[PDB]
Amino acid sequence: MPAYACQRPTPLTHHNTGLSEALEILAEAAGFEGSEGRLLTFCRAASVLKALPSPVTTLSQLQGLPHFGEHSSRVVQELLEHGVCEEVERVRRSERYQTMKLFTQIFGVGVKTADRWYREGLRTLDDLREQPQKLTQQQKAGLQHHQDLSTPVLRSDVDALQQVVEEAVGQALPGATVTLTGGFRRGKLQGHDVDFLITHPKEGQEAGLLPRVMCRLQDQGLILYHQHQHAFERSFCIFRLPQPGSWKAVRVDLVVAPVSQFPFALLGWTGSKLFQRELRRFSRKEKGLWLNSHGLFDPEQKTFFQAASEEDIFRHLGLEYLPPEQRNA
Ligand SMILES: O=c1ccn([C@@H]2O[C@H](COP(=O)(O)OP(=O)(O)OP(=O)(O)O)[C@@H](O)[C@H]2O)c(=O)[nH]1
Ligand SMILES: [Mn+2]
Ligand SMILES: [Mn+2]
């Protein structure tokens, strides 16, 4: 099995979910403590298990796998022998981890904000609501809707949202396209948000499209929150999704890219986050090119690669093409 996650298929469903879940708790906890090296190490080990064709029943099956050092091996050994890993259970039970998870899950809260709040003695959602001067407007909106935003977004929600976004995009600008990206493009059945990439086949015709889209959605009562950012033009939103007898707040990211950059933006926004990190590391370390959501830059020659498709980018980097459902690293 090759070293980089971008050199191997990682399907949606696999045979090692208990083990990968435990390593990913340790990765997340590492990130909460600012231990970025350890985060990446645990994330990589978990992603190896996701790519295996069979369940790991005994530790022999570890043999020959890259990115499976002593610590990750130890964790798996304890799970196989004892059905539980004490380091993992202590993390689960810890107030620090529980609170960092609570806070960072809220819309508009990252690790540094969550850690600051923790160090200042804040622990609960009510504690945050008692200190509104400490909150950004985005965070206030995340708190207002936290129950719905903690509820997994379903494929059925995605289909309804794609319909209203497509309708608004179509009415504002005939010819403009909407592409579902993120985890749902990778085949996921559930998610934390819905990601859309908007473009138009004529370069420049995408200008000013997003505010017209947003006006249309707002006048239908579909928007609870939006923050328009002029990097790609993007609106990070909370939609009010109608449902039978009720409604549901749902996070939606709308990203506009000029068509020349579309393949790079689709690649970046499709993920997984680890897949894309690995693809960028591969591009730099193995091919000496700098990949991002806007392009593929050769820093020696000072050149940008022209791509019409994701397949072009994979081909140019000397990688076998992986469709989005095999990017679940
Ligand atoms: O601001 C951003 C946010 C996200 N992304 C990139 O967009 C992709 C989607 O980012 P998400 O955070 O939506 O992840 P996801 O769809 O894979 O997972 P769930 O919603 O199911 O939890 C990931 O590859 C991420 O790196 C950006 O490039 N920029
Ligand atoms: Mn997403
Ligand atoms: Mn998103």
# chains A, B, ... in the order shown; residues from 1 in each chain; ligands from 1

$ residues_around --residues "residue 178 in chain A" --least-positions-apart "3" --cutoff "7 Å" --atoms "only C-alpha atoms" --output "compact mmCIF listing (two decimals) with C-alpha atoms, in the first residue's frame"
# COMPACT_ATOMS: atom_id res chain seq x y z
CA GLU A 166 -29.88 25.76 -8.73
CA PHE A 196 -21.55 24.09 -3.66
CA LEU A 197 -19.21 25.46 -6.32
CA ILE A 198 -20.71 27.94 -8.77
CA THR A 199 -19.25 29.06 -12.12

$ residues_around --residues "residue 238 in chain A" --least-positions-apart "3" --cutoff "9 Å" --atoms "only C-alpha atoms" --output "PyMOL selection string"
chain A and resi 141-142+145+149+222-226+249-253

$ write_last_selection --atoms "N, CA and C atoms" --output "PDB file, in the first residue's frame"
ATOM      1  N   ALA A 141     -24.883  33.348  15.725  1.00  0.00           N
ATOM      2  CA  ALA A 141     -25.789  32.607  14.856  1.00  0.00           C
ATOM      3  C   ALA A 141     -25.571  31.105  15.032  1.00  0.00           C
ATOM      4  N   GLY A 142     -24.329  30.673  15.169  1.00  0.00           N
ATOM      5  CA  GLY A 142     -24.048  29.252  15.424  1.00  0.00           C
ATOM      6  C   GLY A 142     -24.670  28.795  16.730  1.00  0.00           C
ATOM      7  N   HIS A 145     -28.563  28.439  16.569  1.00  0.00           N
ATOM      8  CA  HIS A 145     -28.981  27.261  15.823  1.00  0.00           C
ATOM      9  C   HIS A 145     -28.211  26.025  16.142  1.00  0.00           C
ATOM     10  N   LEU A 149     -27.652  22.594  13.862  1.00  0.00           N
ATOM     11  CA  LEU A 149     -26.348  22.432  13.241  1.00  0.00           C
ATOM     12  C   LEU A 149     -25.528  21.248  13.733  1.00  0.00           C
ATOM     13  N   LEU A 222     -35.346  31.739   2.888  1.00  0.00           N
ATOM     14  CA  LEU A 222     -34.471  30.576   3.034  1.00  0.00           C
ATOM     15  C   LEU A 222     -33.163  30.836   3.773  1.00  0.00           C
ATOM     16  N   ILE A 223     -32.870  32.083   4.133  1.00  0.00           N
ATOM     17  CA  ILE A 223     -31.567  32.409   4.718  1.00  0.00           C
ATOM     18  C   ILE A 223     -31.765  32.889   6.152  1.00  0.00           C
ATOM     19  N   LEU A 224     -31.072  32.228   7.076  1.00  0.00           N
ATOM     20  CA  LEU A 224     -30.993  32.680   8.471  1.00  0.00           C
ATOM     21  C   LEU A 224     -29.761  33.511   8.758  1.00  0.00           C
ATOM     22  N   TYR A 225     -28.684  33.217   8.057  1.00  0.00           N
ATOM     23  CA  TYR A 225     -27.446  33.894   8.259  1.00  0.00           C
ATOM     24  C   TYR A 225     -26.658  33.811   6.990  1.00  0.00           C
ATOM     25  N   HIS A 226     -25.993  34.911   6.632  1.00  0.00           N
ATOM     26  CA  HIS A 226     -24.983  34.824   5.619  1.00  0.00           C
ATOM     27  C   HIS A 226     -23.870  35.833   5.832  1.00  0.00           C
ATOM     28  N   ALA A 249     -32.339  24.362  10.440  1.00  0.00           N
ATOM     29  CA  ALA A 249     -31.209  25.147  10.019  1.00  0.00           C
ATOM     30  C   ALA A 249     -30.108  24.235   9.486  1.00  0.00           C
ATOM     31  N   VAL A 250     -29.494  24.612   8.370  1.00  0.00           N
ATOM     32  CA  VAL A 250     -28.438  23.823   7.719  1.00  0.00           C
ATOM     33  C   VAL A 250     -27.343  24.732   7.192  1.00  0.00           C
ATOM     34  N   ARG A 251     -26.108  24.444   7.570  1.00  0.00           N
ATOM     35  CA  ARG A 251     -24.971  25.142   7.014  1.00  0.00           C
ATOM     36  C   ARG A 251     -24.736  24.858   5.530  1.00  0.00           C
ATOM     37  N   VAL A 252     -24.528  25.925   4.762  1.00  0.00           N
ATOM     38  CA  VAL A 252     -24.257  25.800   3.349  1.00  0.00           C
ATOM     39  C   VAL A 252     -23.116  26.755   2.990  1.00  0.00           C
ATOM     40  N   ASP A 253     -22.117  26.247   2.277  1.00  0.00           N
ATOM     41  CA  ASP A 253     -21.003  27.048   1.767  1.00  0.00           C
ATOM     42  C   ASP A 253     -21.211  27.212   0.256  1.00  0.00           C
TER      43      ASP A 253
END

$ residues_around --residues "residue 118 in chain A" --least-positions-apart "5" --cutoff "8 Å" --atoms "only C-alpha atoms" --output "list in words"
residues 96, 99, 100 and 123 of chain A

$ residues_around --residues "range 33-35 of chain A" --least-positions-apart "2" --cutoff "12 Å" --atoms "only C-alpha atoms" --output "PDB file with N, CA and C atoms, in the first residue's frame"
ATOM      1  N   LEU A  26      -7.634  10.527  19.057  1.00  0.00           N
ATOM      2  CA  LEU A  26      -6.312  10.983  19.464  1.00  0.00           C
ATOM      3  C   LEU A  26      -5.762  12.120  18.573  1.00  0.00           C
ATOM      4  N   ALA A  27      -6.053  12.063  17.272  1.00  0.00           N
ATOM      5  CA  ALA A  27      -5.658  13.108  16.326  1.00  0.00           C
ATOM      6  C   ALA A  27      -6.330  14.433  16.677  1.00  0.00           C
ATOM      7  N   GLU A  28      -7.630  14.353  16.920  1.00  0.00           N
ATOM      8  CA  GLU A  28      -8.429  15.544  17.202  1.00  0.00           C
ATOM      9  C   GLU A  28      -7.935  16.206  18.479  1.00  0.00           C
ATOM     10  N   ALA A  29      -7.720  15.372  19.495  1.00  0.00           N
ATOM     11  CA  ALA A  29      -7.235  15.841  20.796  1.00  0.00           C
ATOM     12  C   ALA A  29      -5.878  16.503  20.659  1.00  0.00           C
ATOM     13  N   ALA A  30      -5.002  15.897  19.868  1.00  0.00           N
ATOM     14  CA  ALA A  30      -3.731  16.523  19.528  1.00  0.00           C
ATOM     15  C   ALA A  30      -3.895  17.919  18.928  1.00  0.00           C
ATOM     16  N   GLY A  31      -4.820  18.062  17.982  1.00  0.00           N
ATOM     17  CA  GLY A  31      -5.116  19.362  17.371  1.00  0.00           C
ATOM     18  C   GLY A  31      -5.594  20.381  18.392  1.00  0.00           C
ATOM     19  N   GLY A  37       1.923  18.024  14.508  1.00  0.00           N
ATOM     20  CA  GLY A  37       2.663  16.847  14.031  1.00  0.00           C
ATOM     21  C   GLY A  37       1.943  15.573  14.400  1.00  0.00           C
ATOM     22  N   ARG A  38       1.593  15.464  15.686  1.00  0.00           N
ATOM     23  CA  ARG A  38       0.870  14.312  16.220  1.00  0.00           C
ATOM     24  C   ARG A  38      -0.517  14.146  15.591  1.00  0.00           C
ATOM     25  N   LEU A  39      -1.243  15.249  15.391  1.00  0.00           N
ATOM     26  CA  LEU A  39      -2.512  15.211  14.639  1.00  0.00           C
ATOM     27  C   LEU A  39      -2.346  14.499  13.285  1.00  0.00           C
ATOM     28  N   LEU A  40      -1.407  14.980  12.492  1.00  0.00           N
ATOM     29  CA  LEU A  40      -1.150  14.434  11.146  1.00  0.00           C
ATOM     30  C   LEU A  40      -0.756  12.945  11.182  1.00  0.00           C
ATOM     31  N   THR A  41       0.098  12.587  12.135  1.00  0.00           N
ATOM     32  CA  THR A  41       0.536  11.213  12.310  1.00  0.00           C
ATOM     33  C   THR A  41      -0.632  10.268  12.598  1.00  0.00           C
ATOM     34  N   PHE A  42      -1.512  10.675  13.513  1.00  0.00           N
ATOM     35  CA  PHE A  42      -2.659   9.833  13.877  1.00  0.00           C
ATOM     36  C   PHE A  42      -3.659   9.797  12.735  1.00  0.00           C
ATOM     37  N   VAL A  91      -9.091  10.475  27.193  1.00  0.00           N
ATOM     38  CA  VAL A  91      -9.394  11.636  26.340  1.00  0.00           C
ATOM     39  C   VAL A  91     -10.901  11.872  26.255  1.00  0.00           C
ATOM     40  N   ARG A  96     -11.377  18.842  29.295  1.00  0.00           N
ATOM     41  CA  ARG A  96     -10.692  19.622  28.242  1.00  0.00           C
ATOM     42  C   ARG A  96     -11.148  19.190  26.842  1.00  0.00           C
ATOM     43  N   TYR A  97     -11.117  17.898  26.565  1.00  0.00           N
ATOM     44  CA  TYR A  97     -11.525  17.394  25.257  1.00  0.00           C
ATOM     45  C   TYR A  97     -12.996  17.646  25.022  1.00  0.00           C
ATOM     46  N   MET A 100     -13.542  21.412  24.385  1.00  0.00           N
ATOM     47  CA  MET A 100     -12.939  21.816  23.093  1.00  0.00           C
ATOM     48  C   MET A 100     -13.794  21.277  21.951  1.00  0.00           C
ATOM     49  N   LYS A 101     -14.277  20.050  22.099  1.00  0.00           N
ATOM     50  CA  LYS A 101     -15.184  19.511  21.064  1.00  0.00           C
ATOM     51  C   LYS A 101     -16.482  20.297  21.006  1.00  0.00           C
ATOM     52  N   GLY A 110     -13.012  28.280  15.836  1.00  0.00           N
ATOM     53  CA  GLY A 110     -11.870  27.396  15.677  1.00  0.00           C
ATOM     54  C   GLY A 110     -11.134  27.012  16.960  1.00  0.00           C
ATOM     55  N   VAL A 111     -10.042  26.274  16.826  1.00  0.00           N
ATOM     56  CA  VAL A 111      -9.302  25.810  17.991  1.00  0.00           C
ATOM     57  C   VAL A 111      -8.782  26.949  18.858  1.00  0.00           C
ATOM     58  N   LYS A 112      -8.238  27.998  18.253  1.00  0.00           N
ATOM     59  CA  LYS A 112      -7.643  29.065  19.053  1.00  0.00           C
ATOM     60  C   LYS A 112      -8.688  29.815  19.864  1.00  0.00           C
ATOM     61  N   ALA A 114     -11.672  28.480  20.802  1.00  0.00           N
ATOM     62  CA  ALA A 114     -12.168  27.510  21.787  1.00  0.00           C
ATOM     63  C   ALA A 114     -11.177  27.394  22.976  1.00  0.00           C
ATOM     64  N   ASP A 115      -9.894  27.355  22.657  1.00  0.00           N
ATOM     65  CA  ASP A 115      -8.871  27.242  23.702  1.00  0.00           C
ATOM     66  C   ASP A 115      -8.852  28.484  24.596  1.00  0.00           C
ATOM     67  N   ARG A 116      -8.960  29.656  23.975  1.00  0.00           N
ATOM     68  CA  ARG A 116      -9.017  30.912  24.734  1.00  0.00           C
ATOM     69  C   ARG A 116     -10.177  30.877  25.719  1.00  0.00           C
ATOM     70  N   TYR A 118     -11.728  28.302  26.919  1.00  0.00           N
ATOM     71  CA  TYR A 118     -11.427  27.281  27.928  1.00  0.00           C
ATOM     72  C   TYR A 118     -10.519  27.840  29.004  1.00  0.00           C
ATOM     73  N   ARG A 119      -9.454  28.490  28.565  1.00  0.00           N
ATOM     74  CA  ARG A 119      -8.491  29.062  29.510  1.00  0.00           C
ATOM     75  C   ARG A 119      -9.110  30.149  30.345  1.00  0.00           C
TER      76      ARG A 119
END

$ residues_near_ligand --ligand "ligand 1" --cutoff "8 Å" --atoms "only C-alpha atoms and all ligand atoms" --output "compact mmCIF listing (two decimals) with C-alpha atoms, in the first residue's frame"
# COMPACT_ATOMS: atom_id res chain seq x y z
CA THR A 181 -18.78 19.33 -3.71
CA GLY A 182 -17.54 18.32 -0.20
CA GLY A 183 -18.34 15.02 1.38
CA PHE A 184 -21.58 14.51 -0.47
CA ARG A 186 -17.51 11.78 -2.21
CA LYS A 188 -21.20 10.42 2.03
CA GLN A 190 -24.45 12.52 5.95
CA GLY A 191 -22.45 15.66 6.61
CA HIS A 192 -21.94 18.77 8.71
CA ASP A 193 -22.83 21.16 5.87
CA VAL A 194 -23.47 21.24 2.11
CA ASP A 195 -20.79 22.64 -0.22
CA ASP A 253 -21.00 27.05 1.77
CA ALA A 265 -11.49 24.53 -6.87
CA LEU A 267 -10.49 19.26 -6.44
CA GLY A 268 -9.82 21.25 -3.29
CA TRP A 269 -13.44 21.56 -2.17
CA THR A 270 -14.22 17.86 -2.77
CA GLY A 271 -11.73 16.71 -0.13
CA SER A 272 -11.36 14.83 2.03
CA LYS A 273 -9.39 17.36 4.05
CA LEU A 274 -6.65 14.73 4.58
CA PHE A 275 -6.75 13.67 0.93
CA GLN A 276 -6.13 17.26 -0.15
CA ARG A 277 -3.36 17.79 2.40
CA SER A 293 -7.60 25.53 -4.89

$ select_by_dssp --residues "range 114-307 of chain A" --states "alpha helix (DSSP H)" --output "PyMOL selection string"
chain A and resi 114-119+125-129+137-144+146-150+155-172+182-185+209-219+262-270+273-287
